[PDB]
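Heads up: the structure comes next, in structure tokens.
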There are 2 protein chains.
Amino acid sequence: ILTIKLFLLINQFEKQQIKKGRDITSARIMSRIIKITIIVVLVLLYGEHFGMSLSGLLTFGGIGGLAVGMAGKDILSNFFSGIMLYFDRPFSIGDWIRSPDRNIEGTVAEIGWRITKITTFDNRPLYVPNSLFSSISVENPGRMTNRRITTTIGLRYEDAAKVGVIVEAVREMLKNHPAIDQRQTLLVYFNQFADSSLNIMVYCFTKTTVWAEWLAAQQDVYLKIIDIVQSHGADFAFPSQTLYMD
Amino acid sequence: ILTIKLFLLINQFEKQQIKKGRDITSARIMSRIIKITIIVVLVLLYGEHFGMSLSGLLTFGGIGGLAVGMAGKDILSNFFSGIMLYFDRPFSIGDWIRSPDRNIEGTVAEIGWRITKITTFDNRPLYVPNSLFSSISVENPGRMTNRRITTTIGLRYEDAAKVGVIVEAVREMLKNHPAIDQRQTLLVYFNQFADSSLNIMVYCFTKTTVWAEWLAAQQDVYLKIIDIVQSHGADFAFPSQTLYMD
């Protein structure tokens, strides 16, 4: 009677799957698989009243369960990480996330039990297995407080007498710029002997976090830097070489 | 009687395989393998009425099942991932899919219990084990909403006085182009001091998702950009060098 009840239940499931709309052969194969699995489980559970030697079933079930346990580790790990994400999540829907270990960059669209769906920046869907969120570092640029501007000014080696005044002028310009956050790091220093130029680092932050506003402020700063450099008699350096001719 | 029944059943299977058309020696070898496997399973299951010490079979079966369990992990994992794909699939037949972790690029042709068959873009079949779809990220360009156009305009360092007007002209041209989606990102800014040029980024989207239409729109935009740049007196920059002669 137990076998009849289980068979009728999975038969109802099978016609349910068919009515949902699916290939018939696949439904038959899945129904079989469930049939054999249920039969094996019942035989192992109900194998003493009409059963066998109590040593054979132990070994057989141990081998089968051991093989199944190592075979299904990844599928179960994904769902376990999904439960963990449900309880403790480092991001929310709509957050732009990133990782230095794997390519998962994009904005979160859906968080599921098995995979997370993320919209990339070329408008494509990306499906990430949940287990990855248990072994890699996740960065959240969507929760940033400032946008950083970093650049290098490469002057000619013959402009060594004007490095200090140029550095001071650039620092003053950055300090008086209305779009620059004055409570964050602000460094302008000459710090590198390059192959063909003397390099000056520029390192600052903007108040805004909007993409277009940050880009506009960066462009304005770059143009002002060009004007400052060219007004002091210096110039930017191309790659240079010394040629000896026969 | 059980052994006779099983032997006759697998013999019928063996002649079935032969009639299907296959090498005779391979069929004999497979029949043997099944013979020995069935004999071992029956001995371990039926080893108490005429059997042995109830400690030897436990150890023997444990060792055998442990070895078999670790030996067959990959084959069973592929089928488990096939079942998972049957129930929860991130793609469908005819979808162009991709992955940043492995080379599986192509359009899905068949989804099976063990492997997935994908048609590559040089018209070749590729067979991907199903377990890969449980540990890697899958991108679906076949479900994209827009096609992206990104490029860089490199102007000469002597064209620094015309960057703003060129940027404004390019932005206006992109804003008035009938093939550009105006509800998506649209950025045109000067954002890089390159080695030999000043770089302007162009970043926009098209309404269409068709390959040929997107390529045609991109070509039209590129030609218009060339005309705009050349009409303002600027020019594109080749790699440049400064040479000092003895």
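As a convention, Cβ positions derive from the backbone with ideal geometry for all residues, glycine included, and neighbour counts pool all protein chains shown. Every number in this text was worked out from the coordinates using simple rules, so none of it is lab data.
Computed 3J(HN,Hα) for the range A:17-30, one whole-Hz value per residue from the Karplus formula 6.51 cos²θ - 1.76 cosθ + 1.60 where θ = phi - 60°, is 4, 4, 5, 4, x, 6, 4, 5, 4, 4, 5, 4, 5, 5, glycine and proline marked x. Classify the protein assembly as shown as rounded, prolate or oblate from the Cα gyration tensor: take a ≥ b ≥ c as the square roots of its eigenvalues, call it rounded if a/c is under 1.5, otherwise prolate when a/b beats b/c and oblate if not. Here the protein assembly as shown falls in the prolate category.
Under the rule a/c < 1.5 gives rounded, and otherwise a/b versus b/c splits prolate from oblate, where does the range A:1-102 land using the Cα gyration tensor? Because a/c hits 1.5 or more and a/b fails to exceed b/c, the range A:1-102 counts as oblate. Each copy carries a label point for B:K5 at 7 Å from Cα along the beta-carbon vector; from one copy to the others these points are 2.7 nm apart, nearest first. Only the Cβ atoms of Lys and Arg (+1) and of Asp and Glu (-1) were treated as charged; on that basis the dipole of the protein assembly as shown about its Cα centre amounts to roughly 3160 debye.
Round to the nearest 10 and give me the degree value, 0 to 90, for the angle of helix B:56-71's Cα axis relative to the longest principal axis of chain B. Tilt relative to chain B: about 20 degrees. Net charge dipole, the range B:1-47: roughly 160 debye, given to the nearest 20, about the Cα centre with Cβ charges of +1 for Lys and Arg and -1 for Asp and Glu. Would you mind classifying the range A:29-68 by shape? Square roots of the alpha carbon gyration tensor eigenvalues, ordered a ≥ b ≥ c; an a/c under 1.5 is rounded, otherwise it is prolate if a/b is larger than b/c and oblate if not. Judged from the Cα gyration tensor, the range A:29-68 comes out oblate (a/c at least 1.5, b/c at or above a/b). Annotation: the residues B:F238, A:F87, B:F133, sorted from fewest to most other C-beta atoms within 10 Å of their own C-beta, follow the order A:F87, B:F238, B:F133.
Each copy carries a label point for A:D195 at 7 Å from Cα toward Cβ; from one copy, the others' points are 0.7 nm away, ordered from shortest.
For chain A, relative contact order (Cα pairs under 8 Å, six or more residues apart, normalised by length) works out to 13 percent. Placing unit charges on the Cβ atoms of the charged side chains and taking the dipole of the range A:128-224 about its Cα centre, the candidate lying farthest along the positive direction among A:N176, A:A216, A:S134 is A:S134. Peptide B:68-79 has a mean shielding of 4, counted as Cβ atoms of other protein chains within 10 Å of each residue's Cβ. 3J(HN,Hα) along the range B:125-142: x, 10, 10, 10, x, 5, 4, 4, 6, 10, 9, 10, 7, 10, 9, 10, x, x Hz, from the Karplus curve 6.51 cos²θ - 1.76 cosθ + 1.60 with θ = phi - 60°, whole Hz, x for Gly and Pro.
Chain A residue nearest the axis that carries A onto B, by Cβ, with distance in whole Å, is A:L243, 7. How large is the helix-only mean residue ellipticity at 222 nm for chain B, computed as the sum of -39500 (n - 2.57) over DSSP H runs with n ≥ 4, divided by its residue count, in deg cm²/dmol to the nearest 500? Calculated mean residue ellipticity at 222 nm is -14500 deg cm²/dmol. Quick one: go through the range B:226-246 and flag any residue whose amide nitrogen is under 12 Å from the point 7 Å out along the Cα-to-Cβ line of A:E158. Correct set: B:243-245. Between copies, A:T152 shows label-point distances of 1.4 nm, shortest first, with the point placed 7 angstrom from Cα along Cα to C-beta.
Ordering A:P239, A:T116, A:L155 by Cα displacement along the dipole of chain A toward the positive end leaves A:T116 in first place; charges were set at the Cβ atoms of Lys, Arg (+1) and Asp, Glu (-1).
What whole-number distance in Å separates the alpha-carbon centres of the range B:204-219 and the range B:7-29? If we compute the Cα centre of each part, the gap is 57 Å. Relative contact order of the range B:182-236, taken over Cα pairs closer than 8 Å and 6 or more residues apart, is 23 percent. In order along the range B:179-184, the Karplus-derived 3J(HN,Hα) couplings, from 6.51 cos²θ - 1.76 cosθ + 1.60 at θ = phi - 60°, round to 9, 9, 7, 8, 9, 10 Hz, and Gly and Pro are given as x. The charge dipole of the range B:108-246, taken about its Cα centre with unit charges on the Cβ atoms of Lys, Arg (+1), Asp and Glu (-1) only, comes to about 740 debye.
Got a sec? How would A:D246, A:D88 order by Cβ neighbour count within 10 Å, fewest to most?
Fewest-to-most Cβ neighbours within 10 Å comes out as A:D246, A:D88.
The residue list A:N78, B:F190, A:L6 was ranked by how far each Cα lies along the charge dipole of the protein assembly as shown toward its positive end, using unit charges on Cβ atoms, and A:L6 comes out on top. To the nearest 0.05, how large is the calculated FRET efficiency for B:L76 and B:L215 if R₀ is 56 Å and r is the Cβ-Cβ distance? Result of the calculation: an efficiency of 0.80.
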